[PDB]
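This document opens with one chain alone, in structure tokens, the form deposited in one PDB entry.
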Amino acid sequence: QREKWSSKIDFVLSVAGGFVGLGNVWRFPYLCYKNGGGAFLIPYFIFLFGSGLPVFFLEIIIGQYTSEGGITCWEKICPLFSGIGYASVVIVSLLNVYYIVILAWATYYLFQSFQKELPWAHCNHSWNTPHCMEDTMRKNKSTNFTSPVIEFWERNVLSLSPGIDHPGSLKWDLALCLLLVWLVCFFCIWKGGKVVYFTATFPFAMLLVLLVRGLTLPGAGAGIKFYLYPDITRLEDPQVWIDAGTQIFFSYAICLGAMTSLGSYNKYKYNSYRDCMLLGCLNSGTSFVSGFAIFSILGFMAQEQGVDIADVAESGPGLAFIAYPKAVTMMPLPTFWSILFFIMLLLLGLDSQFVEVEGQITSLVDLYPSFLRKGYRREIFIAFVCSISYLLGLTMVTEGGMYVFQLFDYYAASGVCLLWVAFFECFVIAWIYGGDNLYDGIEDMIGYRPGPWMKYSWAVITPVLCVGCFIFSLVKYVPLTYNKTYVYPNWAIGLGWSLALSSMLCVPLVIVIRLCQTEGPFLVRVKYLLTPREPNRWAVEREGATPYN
């Protein structure tokens, strides 16, 4: 009874809009700048060509073959590890909490651009500290200054607190912006062409404009050089490897249960290998090229401020909110380009949020189709999920909430919680299910048996990379720090560990539940739970699909 796309273009557009966005223009530059720059790229490419792309194609193929969402697909493929799907849902749930907060910030920035003079271009505003000085005069002539862009980002937008211990009050403006963005998402998903042909083209046009401005900026060679040339000693730090590996999985929206849902509506006989490789190349190119735009602007900022290239902005989240607003003021008619850039950011975030929330809602409804979809209950369930995600998301809107955002960024829907899923998705498919059986299924679907790249990537490369990163992170533990200065308390790291474990522990918990529920000897129960029960029964009966095995 699964739906099918139309003309096969809707699927491509949905995928492209779902796995490109804030993870390419916001998270990637800030992670690259936090890890030293060029040293971040080598693990990025190692996890990009040995994994990430194969895992993305695996999720798409699982969705298309099983014709099931993010949960039932693993029930069909391997019942015993069905909890993997549950874990994915948990991850996306947490991702739906903090990933939209960024849009609120963007919305606030947009609501700040409607005035004649951009508020982040002078130090004479009320919120500025006496240490604020204009960057042009900062180079000339117990002595520290703060750039007006960073002053606006910290004092006005974030209203940052001494620490996560002090949350302060709720920022009414940011809370209203978050509520507006949640209302937009809920109205779009609940109830809702050539219009969409310009909602995935304009962001790329603005990216091109930013690229041009950054490249033509004076003193941008230092920024490009900091971005490219790597450092071996930083490659010897496990933090770079784990950050790059988890950025690869975050950007491609894998281990979330969303890409599987997107692929579930594909036709059974549809060459999704090319359509999943071209889009993956587009996503990687978007990230890599936007890195140039961010780092050329950072190099110009460092040249004009007279400071180090790595000491001109925030190592944590908000680099895109300190760098791009600076280059915006360097272009003629700064207000026009500020509005355009923040509209681009809003589009890139809203499309991804729509895709992720749609995947989560589809996966949750598939559990109880006759109760949570029958009648009018679907609307009520979507409203309840959005309201809960909004209320649980107001903890990052308070004055001391920015730190909470980082706790969600580093641990929830990232970090080892991704690896834990990525190891299990590839282990079940390659070893328990069988790489050759899935290759036969792919040969039946796309028309030709692929090369040995996918099989080796699922079997050897991805599990080894995930377990090596896990072991390296555990052996050499670097506690999470905000902007290289803040030290989270014990309970903050405990909360981050709890957020990670909430999704991580779903895989063994469901295994235990299945083992206890099944009767007979343990060996018999394991054999029963490790046997896929008609993985493509719907595809076999509906279409002319060949039976599994």
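Residue numbers here begin at 1 and follow the sequence given. Think of the rigid core as the biggest set of C-alphas that the two forms share within 1.5 Å after superposition. Shifts are known only where both forms have a C-alpha.
Entries skipping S142: at least a third of other ones:
Residue status for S142: gap in at least one third of the other entries.
None, 1 to 3, 4 to 9, or 10 or more: how many residues of the deposited sequence lack coordinates between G192 and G193?
Gap between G192 and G193: 4 to 9 unmodelled residues.
Check the residues of the deposited sequence separating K141 from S142 and report how many of them have no coordinates, as none, 1 to 3, 4 to 9, or 10 or more.
Gap between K141 and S142: 4 to 9 residues without coordinates.
Unshown form deposited with a small molecule bound; subsequent notes refer to it.
Counting only heavy atoms and a 4.5 Å cut-off, does the small molecule in the deposited complex sit next to every one of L22, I91 and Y99?
Yes, all three are in contact.
With a cut-off of 4.5 Å between heavy atoms, is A320 one of the residues that contacts the small molecule in the deposited complex?
No, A320 sits far enough from the small molecule in the deposited complex that none of its heavy atoms falls within 4.5 Å.
How about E356 - does it come within 4.5 Å of the small molecule in the deposited complex, if we only consider non-hydrogen atoms?
Heavy-atom contact with the small molecule at 4.5 Å: present for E356.
Could you tell me if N283 has a non-hydrogen atom within 4.5 Å of the small molecule in the deposited complex?
Yes.
Under a 4.5 Å heavy atom criterion, is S251 part of the interface with the small molecule in the deposited complex?
The answer is yes: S251 has a heavy atom within 4.5 Å of the small molecule.
Single option in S352, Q303, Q406, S147 placed near the small molecule in the deposited complex, where near means a heavy atom within 4.5 Å:
Only one option qualifies, and that one is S352.
Single option in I294, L345, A413, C73 placed near the small molecule in the deposited complex, where near means a heavy atom within 4.5 Å:
Contact residue from the list: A413.
I want to make sure I read this right: if the two forms are fitted on their rigid core, which of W431, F336, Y376, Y477 has a C-alpha displacement of 2 angstroms or more between this form and the one not shown?
Only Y376 moves by 2 Å or more at its C-alpha.
Which residue stretches between this form and the one not shown come out as moving, taking only runs of at least three where every Cα shifts by 2 Å or more after core superposition?
Moving regions between this form and the one not shown: 9-20, 369-371, 373-376.
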